[PDB]
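Q: Before I ask anything, here's the sequence and the deposited coordinates:
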Amino acid sequence: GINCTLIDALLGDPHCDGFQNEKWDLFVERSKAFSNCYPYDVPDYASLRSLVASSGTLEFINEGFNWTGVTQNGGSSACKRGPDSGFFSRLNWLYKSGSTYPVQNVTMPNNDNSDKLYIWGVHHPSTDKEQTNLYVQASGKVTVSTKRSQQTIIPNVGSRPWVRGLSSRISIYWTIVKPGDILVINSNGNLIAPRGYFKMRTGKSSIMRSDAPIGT
Amino acid sequence: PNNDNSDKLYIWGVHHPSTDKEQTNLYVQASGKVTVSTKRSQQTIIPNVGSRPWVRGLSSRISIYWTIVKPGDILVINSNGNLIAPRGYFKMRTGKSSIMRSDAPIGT
Amino acid sequence: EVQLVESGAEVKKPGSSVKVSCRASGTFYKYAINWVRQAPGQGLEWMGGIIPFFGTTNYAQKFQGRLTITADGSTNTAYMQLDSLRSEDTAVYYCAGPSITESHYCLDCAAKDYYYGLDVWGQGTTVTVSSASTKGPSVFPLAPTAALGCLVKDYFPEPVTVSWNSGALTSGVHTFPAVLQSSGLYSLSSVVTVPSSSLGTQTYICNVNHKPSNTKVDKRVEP
Amino acid sequence: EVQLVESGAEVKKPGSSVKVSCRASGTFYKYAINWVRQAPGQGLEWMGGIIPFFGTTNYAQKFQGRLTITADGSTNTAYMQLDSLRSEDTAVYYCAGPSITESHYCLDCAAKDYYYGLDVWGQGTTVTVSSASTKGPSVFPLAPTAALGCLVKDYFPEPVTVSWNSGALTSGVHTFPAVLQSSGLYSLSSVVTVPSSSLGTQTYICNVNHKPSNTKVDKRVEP
Amino acid sequence: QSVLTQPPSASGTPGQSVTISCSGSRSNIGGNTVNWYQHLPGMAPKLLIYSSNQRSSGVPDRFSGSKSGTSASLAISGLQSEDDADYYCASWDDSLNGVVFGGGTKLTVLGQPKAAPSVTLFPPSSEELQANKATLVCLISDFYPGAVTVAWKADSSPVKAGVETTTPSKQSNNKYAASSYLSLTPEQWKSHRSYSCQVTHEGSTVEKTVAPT
Ligand SMILES: *[C@@H]1O[C@H](CO)[C@@H](O[C@@H]2O[C@H](CO)[C@@H](O[C@@H]3O[C@H](CO[C@H]4O[C@H](CO)[C@@H](O)[C@H](O)[C@@H]4O)[C@@H](O)[C@H](O[C@H]4O[C@H](CO)[C@@H](O)[C@H](O)[C@@H]4O)[C@@H]3O)[C@H](O)[C@H]2NC(C)=O)[C@H](O)[C@H]1NC(C)=O
Ligand SMILES: *[C@@H]1O[C@H](CO)[C@@H](O[C@@H]2O[C@H](CO)[C@@H](O[C@@H]3O[C@H](CO[C@H]4O[C@H](CO)[C@@H](O)[C@H](O)[C@@H]4O)[C@@H](O)[C@H](O[C@H]4O[C@H](CO)[C@@H](O)[C@H](O)[C@@H]4O)[C@@H]3O)[C@H](O)[C@H]2NC(C)=O)[C@H](O)[C@H]1NC(C)=O
Ligand SMILES: *[C@@H]1O[C@H](CO)[C@@H](O)[C@H](O)[C@H]1NC(C)=O
């Protein structure tokens, strides 16, 4: 993993772009790894890192979500791509177009032989001005749901400690959609959208923390 | 800021009024919120209004939460109401310490 | 692509306040909209800018407290308000912005990252700060290749604009820089040179416009 | 520290409603603000109290339904409203509160825990309930140690207040309890005793005040 | 006293190259990109260069900008008559927290052919004669150098009273224009048999004449 934790290679922190679509039997996390994108947190981080690690692959499949009346590909100064602003490669920062952020209501059927892992997020602004500047509505909400599960997250506004310049945060969540099942995403603000899904696999794959060098 | 050699344990709380009158009498805002955060963690709690069973006279409740701030890390507390604030921190230590439930008397 | 159109020329008493509008012909909200003036005989002076998306303002310190730059997202309009007008504020006020587009926008950079070279300008609004009364012009025809024209006499303040056949006639047109009489009033003339044979038929109408006194006058020119 | 100032004297027809204000000179919201009246010839009667912090009211049952005690936090003011005035409501109405402070306040005790001995009082507001018309007074000088004064004649209702040199002169002042003529009207007099040598210079002006008819009159007294 | 400093003037004949310098400091040019503008006043400025050294769209390649340290240059090689205009540099200033402009440089393109003035004279109209006022209009255009003296004649008798004359001023096509207005009583206009407008340009007099009939 060199400079990258598994979760950072998952989200697509720019310095981790080399790990796109990689497979592993054992993923080695080094103590010198560092994050260098939007400051984020993962509720049950341990569980997300576990299930990805156990899956053994970062194989990603793009999908087109029917986003309507919002702008895509928002970037941040905390996550540069060279000299200009950037963002996590596998996530899609959505914001207002013109002066409205209409409600989003999209679907994605799993019609495939295998399970899909969707990674998505929710944006926590530092101020109400920031909240309304980006999403027009004063109070966002994100709802991601299958037929047998739902997660609705309310974004929380307020200051956190400066990290790479920002008081704001993104919270990462996940959703597994089984074959025959159907993903629906509902939001009127603060949605950090998935650009597709990760393949899920089962087998002997894991992850380990070590600074031992690798040998032939 | 934690500028110290050791971890800090912060205990804080959130107040759940029994009525909207109580809510606005104390905090002026109709809806409180409390956010406590370090660099790698946040907890935002929304207070909930409504009646609970009488306990020592009150229908109200306080909910207790915790936050550990590591050396180099920094605590920030954000609130527009219902915050039960910490007055400082508890030292954290590691060792052989534990706790036990018993009514056996203590002997010499 | 986008064009900016500013509001009409005004005249103000000293002490009073003025508000000029800037209307884009398309969405023009993501980058810094700038206000820049030019007083008679001076170079360009930057007043300040707004970034409509965030509502963020930057003002030249010289104007802090009396300059307010404002924007409304639904009607694609930016406004500039300048209070406590002195005569030094007599100037042409331009609004301008960049034409850049970006597939990946930055939602949290510094203000200055949203300022780019100004390649789309409004036409400019003449604000004249004076105690004198406003007077509209009297329009008279100047009958006659051959040369025909309009006389725009006794008005205040500048400016005045003269088109022909509702903008249709453009070749041969020469409007002249005005005169400053002793009486404080202005006057100007606009001339069209045409073939002398097409005098007997084709119709010439000058469209004389003077916004500070709200005076539109169309005048017909025949031999 | 804090002082309470009540609104001015009023006169009301029976049946009508009255609202007296109490303005603190500082924050005075955490403890019970009390209203207490005194009708002619009666002892003090407690009307009720509010605790501005919680907005909590307690009323004497005798007034339930026509007594409303109210408070506004931003302007540090408490109000008392009494409806359906009978003549028994003719009285002086005081507002009063305690001066206690507490490093640790209780956010949920019983009302009575917020009531303490009243050691800060307003000056009192005379409300007089009558059918008679209001009449302002006629002020005449009473020219002259030596004794000089003002005559305040033919007015209704009580009270009237007389200061000297805008409050400056205080020693020697004796205002007299009024008279009740057969005509229903009142009259009073205020006298200042001064050295008889400083008559030729220093100026005496009586400030006669009668709020129920909104009549301020300043009168100059010379020999 | 602008924050950026340009020389106030520059000149050249058609074909030469001129260099317009802009002198700033750490807080502006030494830390920010420089833009250049062109301005032919009364009409709005136009962007020429962005990012210190990029030609904006439709800008001929003979325009070029560059920057080094705390100064910037605009170079116009192969000068042309259309380039006679005002030039401004601008940049962000990190201490001012806003944009600053240079004081401008007026570029004059020299070596135009000497051209005589076209004069067109008009009499008082129907309406104006009716309103008890009389105005003669003398319209002077397309000359160079931009300096003319105007003398008004009544039949043959010179008249100095009631004359207003605008100072010359560059047209689009680089030659100058000017006007002169002789105001009268209508009685003065119907009395003489004709009036005249003499215009002197480079020791050479061009006149036109108008009459009541
Ligand atoms: C709610 O409360 C929080 C906590 O106080 C506030 O958060 C602070 O916000 C300020 C900005 O307003 C932050 O200030 C910035 O600090 C940067 C990092 O500090 C480094 O350097 C300092 C001092 O030498 C060290 O002590 C520290 O460890 C770091 O190494 C500075 O680099 C920034 O300076 C830059 O910006 C300033 C202008 O602000 C420029 O003038 C400078 O040129 C420079 O470019 C900057 O000052 C601060 O770090 C925040 N603290 C925390 C803990 O988050 C929120 O602002 C507040 N929220 C609201 C809305 O009120
Ligand atoms: C929503 O619904 C809840 C549940 O009903 C309401 O909660 C009740 O609120 C009342 C007050 O309004 C509480 O009443 C108090 O009960 C006390 C404890 O009860 C003891 O004694 C009783 C009877 O003998 C025993 O059965 C019981 O087990 C206890 O041992 C009483 O001591 C109190 O009496 C005191 O106050 C009254 C005035 O109310 C005085 O007159 C008395 O002198 C005395 O000082 C008191 O009556 C009741 O306990 C609550 N129940 C529960 C389950 O919480 C909420 O009020 C309601 N919310 C709203 C806003 O509508
Ligand atoms: C990892 O991080 C350090 C600091 O950025 C850097 O110097 C090094 O090149 C990185 N290693 C690799 C192999 O990318």
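A: Right, received. Where do you want to start? Numbering: from 1, shown residues only, chains lettered A, B, ... in the order given. Ligands and ions are numbered 1, 2, ... in the order given.
Q: what helix or strand is residue A:50 on?
A: Element membership of residue A:50 [criterion: DSSP states H and E] is helix A:45-55.
Q: any idea how far residue C:113 is from the residue in chain E that ligand 1 sits nearest to?
A: Of all residues in chain E, residue E:94 sits closest to ligand 1, at 9.0 Å by CB to the nearest ligand atom. Where you see a C-beta, it was placed from the backbone N, CA and C, and this is true even at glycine. From residue E:94 across to residue C:113, the span is 12 Å (CB to CB, to the nearest Å).
Q: Pairing partners for the spatially most central residue of chain E in the sheet, please.
A: Chain E has residue E:170 as the residue nearest its centroid, 3.3 Å off, counting by CA atoms, centre = their mean. Note on residue E:170: beta-bridge partners by DSSP bridges are residue E:176.
Q: okay but residue E:48 is in contact with residue E:60, surely?
A: No - in this structure residue E:48 lies outside contact range of residue E:60 using CB atoms under 8 Å: 9.4 Å.
Q: higher neighbour count, these two?
A: Per other CB atoms under 10 Å in any protein chain shown, whichever of residue E:48 and residue E:60 has more neighbours is residue E:48, with 23 against 12.
Q: To which secondary structure element type does the most far-flung residue of chain E relative to its centre belong?
A: Residue distances from the centre of chain E (CA atoms, centre = their mean) peak at residue E:191, which lies 39.1 Å from the mean C-alpha position. Secondary structure assignment for residue E:191 (DSSP: H, G, I helix; E, B strand; the rest coil): coil.
Q: From residue C:140, how far out is it?
A: Applying CB to CB, the value for residue E:191 to residue C:140 is 21 Å.
Q: quick one: contacts for the closest residue to chain D within chain A?
A: When scored by CB to the nearest CB, chain A has residue A:128 as its residue closest to chain D, at 23.2 Å. Residues counted as contacts of residue A:128 (CB atoms under 8 Å, 6 or more residues apart in numbering or on different chains) are A:138, A:157.
Q: The closest residue to chain B within chain E - how many residues pack around it?
A: For chain E and chain B, the shortest gap (CB to the nearest CB) falls at residue E:97, measuring 27.3 Å. For residue E:97, the neighbour count with other CB under 10 Å is 15.
Q: Spatially, what comes nearest to it if we skip its sequence neighbours?
A: Nearest residue to residue E:97, sequence neighbours excluded (CB to CB, 6 or more residues apart in numbering or on different chains): residue C:58, at 6.2 Å.
Q: distance of the residue sitting furthest away from the middle of chain C from residue E:182?
A: Each residue of chain C has a distance to the centre, and by CA atoms, centre = their mean the biggest one is for residue C:197: 36.7 Å. Noted for residue C:197: a distance of 31 Å to residue E:182, by CB to CB.
Q: Would you mind listing what in chain A touches chain E?
A: For chain A, no residue is in contact with chain E (CB under 8 Å from any CB of the partner chain).
Q: With adjacent residues omitted, what lies nearest to residue A:117?
A: Here the residue nearest residue A:117, using CB to CB, 6+ apart, is residue A:198, at 4.2 Å.
Q: Need the three-state assignment for the one you found.
A: Secondary structure state of residue A:198, per three-state DSSP, is strand.
Q: who's in contact with the residue of chain C found nearest ligand 1?
A: Ligand 1 sits closest to residue C:110 of chain C, with a gap of 9.2 Å, by CB to the nearest ligand atom. Applying CB under 8 Å, 6+ apart, we find residue C:110 in contact with residue A:77.
Q: domain parsing for chain E?
A: Using curated CATH domains, the domains assigned to chain E come out as E:1-111, E:112-213.
Q: Which among the ones you listed is found nearest to ligand 2?
A: If you check each of these against ligand 2 by CB to the nearest ligand atom, domain E:1-111 wins as the nearest, at 54.4 Å.
Q: What separation is there between the residue in chain A that chain E sits nearest to and residue E:52?
A: Here chain A gets closest to chain E at one residue, residue A:83, 12.2 Å apart by CB to the nearest CB. Using CB to CB, one obtains 15 Å as the distance from residue A:83 to residue E:52.
Q: So those two - more neighbours on which side?
A: Set side by side, residue A:83 and residue E:52 show more neighbours around residue E:52, with 19 against 6, by other CB under 10 Å.
Q: OK, contacts around the more buried one?
A: Residue E:52 makes contacts with E:33-34, E:65-67, E:72, as judged by CB under 8 Å, 6+ apart.
Q: Which one (most neighbours) among these?
A: Across those, the neighbour count under other CB under 10 Å reaches its highest value at residue E:72, namely 30 neighbours.
Q: Check for me that that residue belongs to a strand.
A: Yes - membership of residue E:72 in a strand is supported by three-state DSSP.
Q: Those residues of chain C touching chain A, which are they?
A: Residues of chain C lying close to chain A (CB under 8 Å from any CB) are C:27, C:29, C:53-55, C:73-74, C:103-110, C:113.
Q: Out of those, name the two that are farthest from one another.
A: Taking every pair in those and measuring CB to CB, the maximum separation is 26.9 Å, between C:74 and C:110.
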